[PDB]
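Source file: structure.pdb. Holds: PDB, C-alpha atoms.
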```
MODEL        1
ATOM      1  CA  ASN R 111    -121.235 -59.635 210.205  1.00  0.00           C
ATOM      2  CA  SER R 112    -118.361 -60.989 212.292  1.00  0.00           C
ATOM      3  CA  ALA R 113    -118.671 -64.765 212.599  1.00  0.00           C
ATOM      4  CA  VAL R 114    -117.159 -67.962 211.207  1.00  0.00           C
ATOM      5  CA  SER R 115    -119.716 -68.311 208.419  1.00  0.00           C
ATOM      6  CA  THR R 116    -117.980 -68.887 205.089  1.00  0.00           C
ATOM      7  CA  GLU R 117    -120.992 -67.303 203.400  1.00  0.00           C
ATOM      8  CA  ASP R 118    -119.339 -63.939 204.039  1.00  0.00           C
ATOM      9  CA  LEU R 119    -115.992 -64.974 202.579  1.00  0.00           C
ATOM     10  CA  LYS R 120    -117.665 -66.438 199.498  1.00  0.00           C
ATOM     11  CA  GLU R 121    -118.799 -62.950 198.550  1.00  0.00           C
ATOM     12  CA  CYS R 122    -115.322 -61.673 199.390  1.00  0.00           C
ATOM     13  CA  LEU R 123    -113.560 -64.000 196.957  1.00  0.00           C
ATOM     14  CA  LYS R 124    -115.593 -62.238 194.287  1.00  0.00           C
ATOM     15  CA  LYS R 125    -113.990 -58.853 194.867  1.00  0.00           C
ATOM     16  CA  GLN R 126    -110.539 -60.390 194.443  1.00  0.00           C
ATOM     17  CA  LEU R 127    -111.590 -62.154 191.258  1.00  0.00           C
ATOM     18  CA  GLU R 128    -113.488 -59.184 189.797  1.00  0.00           C
ATOM     19  CA  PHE R 129    -110.493 -56.897 190.407  1.00  0.00           C
ATOM     20  CA  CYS R 130    -107.822 -59.355 189.289  1.00  0.00           C
ATOM     21  CA  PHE R 131    -109.234 -59.378 185.747  1.00  0.00           C
ATOM     22  CA  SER R 132    -109.860 -55.631 185.600  1.00  0.00           C
ATOM     23  CA  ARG R 133    -108.541 -53.792 182.544  1.00  0.00           C
ATOM     24  CA  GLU R 134    -105.861 -52.064 184.627  1.00  0.00           C
ATOM     25  CA  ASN R 135    -105.529 -54.924 187.126  1.00  0.00           C
ATOM     26  CA  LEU R 136    -104.643 -57.836 184.833  1.00  0.00           C
ATOM     27  CA  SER R 137    -102.605 -55.757 182.402  1.00  0.00           C
ATOM     28  CA  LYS R 138    -100.657 -54.866 185.546  1.00  0.00           C
ATOM     29  CA  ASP R 139    -100.720 -58.340 187.125  1.00  0.00           C
ATOM     30  CA  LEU R 140     -97.399 -59.949 186.249  1.00  0.00           C
ATOM     31  CA  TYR R 141     -98.056 -62.707 188.775  1.00  0.00           C
ATOM     32  CA  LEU R 142    -101.098 -63.863 186.802  1.00  0.00           C
ATOM     33  CA  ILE R 143    -100.369 -62.609 183.285  1.00  0.00           C
ATOM     34  CA  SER R 144     -96.745 -63.801 183.566  1.00  0.00           C
ATOM     35  CA  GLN R 145     -97.650 -67.230 184.971  1.00  0.00           C
ATOM     36  CA  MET R 146    -100.178 -67.713 182.215  1.00  0.00           C
ATOM     37  CA  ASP R 147     -99.758 -71.192 180.735  1.00  0.00           C
ATOM     38  CA  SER R 148    -100.012 -71.654 176.918  1.00  0.00           C
ATOM     39  CA  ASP R 149    -103.492 -70.168 176.148  1.00  0.00           C
ATOM     40  CA  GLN R 150    -103.310 -67.364 178.675  1.00  0.00           C
ATOM     41  CA  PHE R 151    -104.433 -70.030 181.056  1.00  0.00           C
ATOM     42  CA  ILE R 152    -103.103 -69.610 184.567  1.00  0.00           C
ATOM     43  CA  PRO R 153    -101.701 -72.697 186.325  1.00  0.00           C
ATOM     44  CA  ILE R 154    -104.557 -73.410 188.608  1.00  0.00           C
ATOM     45  CA  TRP R 155    -101.987 -73.827 191.389  1.00  0.00           C
ATOM     46  CA  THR R 156    -100.148 -70.529 190.940  1.00  0.00           C
ATOM     47  CA  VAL R 157    -103.455 -68.736 191.498  1.00  0.00           C
ATOM     48  CA  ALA R 158    -105.217 -71.099 193.895  1.00  0.00           C
ATOM     49  CA  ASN R 159    -102.301 -70.107 196.133  1.00  0.00           C
ATOM     50  CA  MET R 160    -102.674 -66.337 195.771  1.00  0.00           C
ATOM     51  CA  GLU R 161    -101.891 -64.500 199.010  1.00  0.00           C
ATOM     52  CA  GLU R 162    -105.262 -62.760 198.829  1.00  0.00           C
ATOM     53  CA  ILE R 163    -106.959 -66.152 198.987  1.00  0.00           C
ATOM     54  CA  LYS R 164    -104.119 -67.803 200.876  1.00  0.00           C
ATOM     55  CA  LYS R 165    -105.759 -66.088 203.821  1.00  0.00           C
ATOM     56  CA  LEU R 166    -109.047 -67.712 202.844  1.00  0.00           C
ATOM     57  CA  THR R 167    -107.789 -71.299 203.008  1.00  0.00           C
ATOM     58  CA  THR R 168    -105.739 -73.993 201.304  1.00  0.00           C
ATOM     59  CA  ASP R 169    -108.487 -75.847 199.443  1.00  0.00           C
ATOM     60  CA  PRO R 170    -107.274 -76.686 195.866  1.00  0.00           C
ATOM     61  CA  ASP R 171    -110.314 -78.524 194.566  1.00  0.00           C
ATOM     62  CA  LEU R 172    -112.703 -76.045 196.207  1.00  0.00           C
ATOM     63  CA  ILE R 173    -111.283 -72.697 195.044  1.00  0.00           C
ATOM     64  CA  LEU R 174    -112.003 -73.301 191.326  1.00  0.00           C
ATOM     65  CA  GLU R 175    -115.530 -74.418 192.223  1.00  0.00           C
ATOM     66  CA  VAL R 176    -116.146 -70.901 193.537  1.00  0.00           C
ATOM     67  CA  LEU R 177    -114.332 -69.073 190.762  1.00  0.00           C
ATOM     68  CA  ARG R 178    -117.311 -70.095 188.629  1.00  0.00           C
ATOM     69  CA  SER R 179    -118.975 -67.129 190.332  1.00  0.00           C
ATOM     70  CA  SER R 180    -117.125 -64.885 187.884  1.00  0.00           C
ATOM     71  CA  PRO R 181    -119.124 -64.725 184.599  1.00  0.00           C
ATOM     72  CA  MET R 182    -116.391 -62.548 183.101  1.00  0.00           C
ATOM     73  CA  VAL R 183    -113.986 -65.394 183.823  1.00  0.00           C
ATOM     74  CA  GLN R 184    -113.457 -68.789 182.214  1.00  0.00           C
ATOM     75  CA  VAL R 185    -111.829 -71.549 184.235  1.00  0.00           C
ATOM     76  CA  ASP R 186    -110.558 -74.838 182.822  1.00  0.00           C
ATOM     77  CA  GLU R 187    -113.302 -77.457 182.718  1.00  0.00           C
ATOM     78  CA  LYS R 188    -110.862 -79.974 184.178  1.00  0.00           C
ATOM     79  CA  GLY R 189    -109.872 -77.696 187.064  1.00  0.00           C
ATOM     80  CA  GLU R 190    -106.176 -77.299 186.231  1.00  0.00           C
ATOM     81  CA  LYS R 191    -105.999 -74.140 184.122  1.00  0.00           C
ATOM     82  CA  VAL R 192    -107.858 -70.858 183.573  1.00  0.00           C
ATOM     83  CA  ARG R 193    -107.766 -67.642 181.522  1.00  0.00           C
ATOM     84  CA  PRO R 194    -109.523 -64.317 182.381  1.00  0.00           C
ATOM     85  CA  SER R 195    -112.075 -62.915 179.961  1.00  0.00           C
ATOM     86  CA  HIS R 196    -111.437 -59.277 179.108  1.00  0.00           C
ATOM     87  CA  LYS R 197    -112.254 -58.485 175.482  1.00  0.00           C
ATOM     88  CA  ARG R 198    -114.972 -56.042 174.432  1.00  0.00           C
ATOM     89  CA  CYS R 199    -113.406 -54.129 171.543  1.00  0.00           C
ATOM     90  CA  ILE R 200    -116.370 -53.181 169.352  1.00  0.00           C
ATOM     91  CA  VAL R 201    -118.110 -49.914 170.209  1.00  0.00           C
ATOM     92  CA  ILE R 202    -121.812 -49.437 169.505  1.00  0.00           C
ATOM     93  CA  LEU R 203    -123.110 -46.016 168.475  1.00  0.00           C
ATOM     94  CA  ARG R 204    -126.890 -45.885 168.802  1.00  0.00           C
ATOM     95  CA  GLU R 205    -129.549 -43.331 167.951  1.00  0.00           C
ATOM     96  CA  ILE R 206    -127.522 -42.460 164.859  1.00  0.00           C
ATOM     97  CA  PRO R 207    -129.951 -40.967 162.245  1.00  0.00           C
ATOM     98  CA  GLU R 208    -130.207 -43.235 159.209  1.00  0.00           C
ATOM     99  CA  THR R 209    -129.300 -40.009 157.417  1.00  0.00           C
ATOM    100  CA  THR R 210    -126.023 -39.721 159.319  1.00  0.00           C
ATOM    101  CA  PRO R 211    -123.040 -40.039 156.889  1.00  0.00           C
ATOM    102  CA  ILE R 212    -120.096 -42.260 157.754  1.00  0.00           C
ATOM    103  CA  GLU R 213    -118.130 -39.026 157.984  1.00  0.00           C
ATOM    104  CA  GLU R 214    -120.082 -37.785 160.996  1.00  0.00           C
ATOM    105  CA  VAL R 215    -119.911 -41.041 162.967  1.00  0.00           C
ATOM    106  CA  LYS R 216    -116.313 -41.510 161.806  1.00  0.00           C
ATOM    107  CA  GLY R 217    -115.000 -38.681 163.983  1.00  0.00           C
ATOM    108  CA  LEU R 218    -117.332 -39.629 166.834  1.00  0.00           C
ATOM    109  CA  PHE R 219    -115.055 -42.641 167.313  1.00  0.00           C
ATOM    110  CA  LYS R 220    -111.946 -40.473 167.141  1.00  0.00           C
ATOM    111  CA  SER R 221    -109.808 -41.199 170.206  1.00  0.00           C
ATOM    112  CA  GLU R 222    -107.068 -39.134 171.845  1.00  0.00           C
ATOM    113  CA  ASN R 223    -105.076 -41.948 173.447  1.00  0.00           C
ATOM    114  CA  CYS R 224    -106.049 -44.573 170.881  1.00  0.00           C
ATOM    115  CA  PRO R 225    -105.455 -44.968 167.102  1.00  0.00           C
ATOM    116  CA  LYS R 226    -108.085 -44.414 164.410  1.00  0.00           C
ATOM    117  CA  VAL R 227    -110.934 -46.913 164.098  1.00  0.00           C
ATOM    118  CA  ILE R 228    -110.037 -50.209 162.436  1.00  0.00           C
ATOM    119  CA  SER R 229    -113.445 -50.903 160.931  1.00  0.00           C
ATOM    120  CA  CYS R 230    -116.665 -48.886 160.938  1.00  0.00           C
ATOM    121  CA  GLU R 231    -119.807 -50.434 159.452  1.00  0.00           C
ATOM    122  CA  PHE R 232    -123.536 -49.805 159.840  1.00  0.00           C
ATOM    123  CA  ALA R 233    -125.188 -52.558 161.880  1.00  0.00           C
ATOM    124  CA  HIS R 234    -128.957 -52.974 162.207  1.00  0.00           C
ATOM    125  CA  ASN R 235    -130.696 -51.411 165.211  1.00  0.00           C
ATOM    126  CA  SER R 236    -129.428 -47.926 164.358  1.00  0.00           C
ATOM    127  CA  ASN R 237    -126.351 -49.258 166.130  1.00  0.00           C
ATOM    128  CA  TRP R 238    -122.970 -48.809 164.446  1.00  0.00           C
ATOM    129  CA  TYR R 239    -120.556 -51.664 165.165  1.00  0.00           C
ATOM    130  CA  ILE R 240    -117.147 -49.985 165.122  1.00  0.00           C
ATOM    131  CA  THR R 241    -114.252 -52.380 165.709  1.00  0.00           C
ATOM    132  CA  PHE R 242    -111.078 -51.196 167.419  1.00  0.00           C
ATOM    133  CA  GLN R 243    -107.615 -52.769 167.362  1.00  0.00           C
ATOM    134  CA  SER R 244    -107.427 -53.784 171.024  1.00  0.00           C
ATOM    135  CA  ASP R 245    -109.819 -53.838 173.976  1.00  0.00           C
ATOM    136  CA  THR R 246    -107.414 -51.901 176.191  1.00  0.00           C
ATOM    137  CA  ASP R 247    -107.655 -49.190 173.541  1.00  0.00           C
ATOM    138  CA  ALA R 248    -111.315 -49.677 172.672  1.00  0.00           C
ATOM    139  CA  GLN R 249    -112.599 -49.752 176.241  1.00  0.00           C
ATOM    140  CA  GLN R 250    -110.299 -46.855 177.103  1.00  0.00           C
ATOM    141  CA  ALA R 251    -111.364 -45.074 173.931  1.00  0.00           C
ATOM    142  CA  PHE R 252    -114.998 -45.503 174.897  1.00  0.00           C
ATOM    143  CA  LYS R 253    -114.149 -43.564 178.053  1.00  0.00           C
ATOM    144  CA  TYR R 254    -113.309 -40.696 175.714  1.00  0.00           C
ATOM    145  CA  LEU R 255    -116.437 -41.096 173.591  1.00  0.00           C
ATOM    146  CA  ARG R 256    -118.695 -40.545 176.591  1.00  0.00           C
ATOM    147  CA  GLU R 257    -117.364 -36.995 176.345  1.00  0.00           C
ATOM    148  CA  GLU R 258    -117.462 -36.654 172.555  1.00  0.00           C
ATOM    149  CA  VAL R 259    -120.485 -38.754 171.598  1.00  0.00           C
ATOM    150  CA  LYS R 260    -122.230 -36.987 174.465  1.00  0.00           C
ATOM    151  CA  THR R 261    -123.211 -34.616 171.663  1.00  0.00           C
ATOM    152  CA  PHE R 262    -122.832 -34.248 167.912  1.00  0.00           C
ATOM    153  CA  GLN R 263    -123.693 -30.933 166.317  1.00  0.00           C
ATOM    154  CA  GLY R 264    -125.822 -30.582 169.433  1.00  0.00           C
ATOM    155  CA  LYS R 265    -127.413 -34.001 169.002  1.00  0.00           C
ATOM    156  CA  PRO R 266    -126.997 -36.070 172.213  1.00  0.00           C
ATOM    157  CA  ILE R 267    -126.097 -39.659 171.352  1.00  0.00           C
ATOM    158  CA  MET R 268    -125.952 -42.818 173.454  1.00  0.00           C
ATOM    159  CA  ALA R 269    -123.508 -45.703 173.113  1.00  0.00           C
ATOM    160  CA  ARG R 270    -122.502 -48.942 174.821  1.00  0.00           C
ATOM    161  CA  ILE R 271    -119.303 -51.008 174.764  1.00  0.00           C
ATOM    162  CA  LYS R 272    -119.942 -54.281 172.946  1.00  0.00           C
ATOM    163  CA  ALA R 273    -118.756 -57.254 174.982  1.00  0.00           C
ATOM    164  CA  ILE R 274    -118.071 -60.622 173.354  1.00  0.00           C
ATOM    165  CA  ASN R 275    -118.954 -63.950 174.963  1.00  0.00           C
ATOM    166  CA  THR R 276    -120.731 -67.266 174.416  1.00  0.00           C
ATOM    167  CA  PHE R 277    -123.609 -67.238 171.936  1.00  0.00           C
ATOM    168  CA  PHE R 278    -125.279 -70.542 172.802  1.00  0.00           C
ATOM    169  CA  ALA R 279    -125.152 -69.439 176.437  1.00  0.00           C
ATOM    170  CA  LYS R 280    -128.182 -69.127 178.709  1.00  0.00           C
ATOM    171  CA  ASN R 281    -130.635 -66.293 178.085  1.00  0.00           C
ATOM    172  CA  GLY R 282    -131.484 -66.200 181.789  1.00  0.00           C
ATOM    173  CA  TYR R 283    -129.151 -63.198 181.787  1.00  0.00           C
ATOM    174  CA  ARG R 284    -131.312 -60.281 182.910  1.00  0.00           C
ATOM    175  CA  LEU R 285    -129.413 -57.792 180.754  1.00  0.00           C
ATOM    176  CA  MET R 286    -130.519 -58.091 177.131  1.00  0.00           C
ATOM    177  CA  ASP R 287    -127.798 -57.257 174.612  1.00  0.00           C
TER     178      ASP R 287
ENDMDL
END
```

Represent the structure contained in this file as structure tokens.
Amino acid sequence: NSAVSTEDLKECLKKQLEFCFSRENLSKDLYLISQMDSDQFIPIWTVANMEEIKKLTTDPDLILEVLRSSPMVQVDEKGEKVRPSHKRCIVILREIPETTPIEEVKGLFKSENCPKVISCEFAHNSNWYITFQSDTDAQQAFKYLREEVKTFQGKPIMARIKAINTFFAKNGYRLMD
């Protein structure tokens, strides 16, 4: 557990990465968010030289090769830019009785620190695809639903935050939808 094997550090880089692009982390990461090139891309250099990793080493061409270990992150294919992936704005309300009026589910989205739903439509799989204005609000709103949706007229309901990503991606992903 205490050697010179880089195998240990490899796993460590993850933590940094995973936290950097956290809802509260990025939104509060001027260094990254403020350095962001034109498409929210971060100059590969500004980051590749982050103190956290600066302790790791000074390998420019290598760092990005590891970053690929962050599925929720998208690094430039050329290895010169990169933008963090943090969307997920649509909320999915499942187990909603086909006889459940839009009125009932309408308030189940109701948020206390977020504005009213932007769009609420019935999507197959008894799952209602409600679209919020912004992820920061949606995701945060979902945190409130867990308390409200937890029950409806005494009817316990389950829901999951809908994340957006590549469609033609690999299905190898254990998690299914």

Picked residues, the PyMOL selection byres ((chain R and resi 255) around 12), expected as a PyMOL selection string = chain R and resi 201-203+215-224+247-254+256-262+266-271

Step by step, work through what the PyMOL selection byres ((chain R and resi 174) around 9) selects in the shown file, and finish by giving those residues as JSON, numbers by chain.
-> {"R": [154, 158, 170, 171, 172, 173, 175, 176, 177, 178, 185, 186, 189, 190]}

Per residue of range 149-240 of chain R within 9 Å of range 113-127 of chain R, which atom pair is closest and at what distance in Å (one decimal), using only C-alpha atoms, listed by chain and increasing number, as a Markdown table?
```
| residue | atom | partner | partner_atom | distance |
| --- | --- | --- | --- | --- |
| R:162 | CA | R:126 | CA | 7.3 |
| R:163 | CA | R:123 | CA | 7.2 |
| R:166 | CA | R:119 | CA | 7.5 |
| R:176 | CA | R:120 | CA | 7.6 |
| R:177 | CA | R:127 | CA | 7.5 |
| R:179 | CA | R:124 | CA | 7.1 |
| R:180 | CA | R:127 | CA | 7.0 |
| R:183 | CA | R:127 | CA | 8.5 |
```

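Put simply, CA of residue 139 in chain R is 19.2 Å away from CA of residue 198 in chain R.
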
Between CA of residue 227 in chain R and CA of residue 210 in chain R, what is the distance, to one decimal in Å?
->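 Going from CA of residue 227 in chain R over to CA of residue 210 in chain R covers 17.4 Å.
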
Quick one: pull the distance between CA of residue 192 in chain R and CA of residue 148 in chain R, Å, one decimal.
->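 These atoms are spaced 10.3 Å apart.
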
May I have the residues within 12 Å of residue 287 in chain R as a ChimeraX atom specification, using all atoms listed in the file and disregarding those fewer than 4 positions away in the same chain?
-> /R:202,235,237,270-275,277,281,283

Looking at only C-alpha atoms, which of R:196, R:187, R:276, R:264 is the one that sits closest to residue 137 in chain R?
->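 Checking each candidate against residue 137 in chain R, we get R:196 as the closest.
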
Range 131-136 of chain R surroundings by only C-alpha atoms, 8 Å radius, close-in-sequence under 5 positions cut, as a ChimeraX atom specification | /R:142-143,183,194-196,246
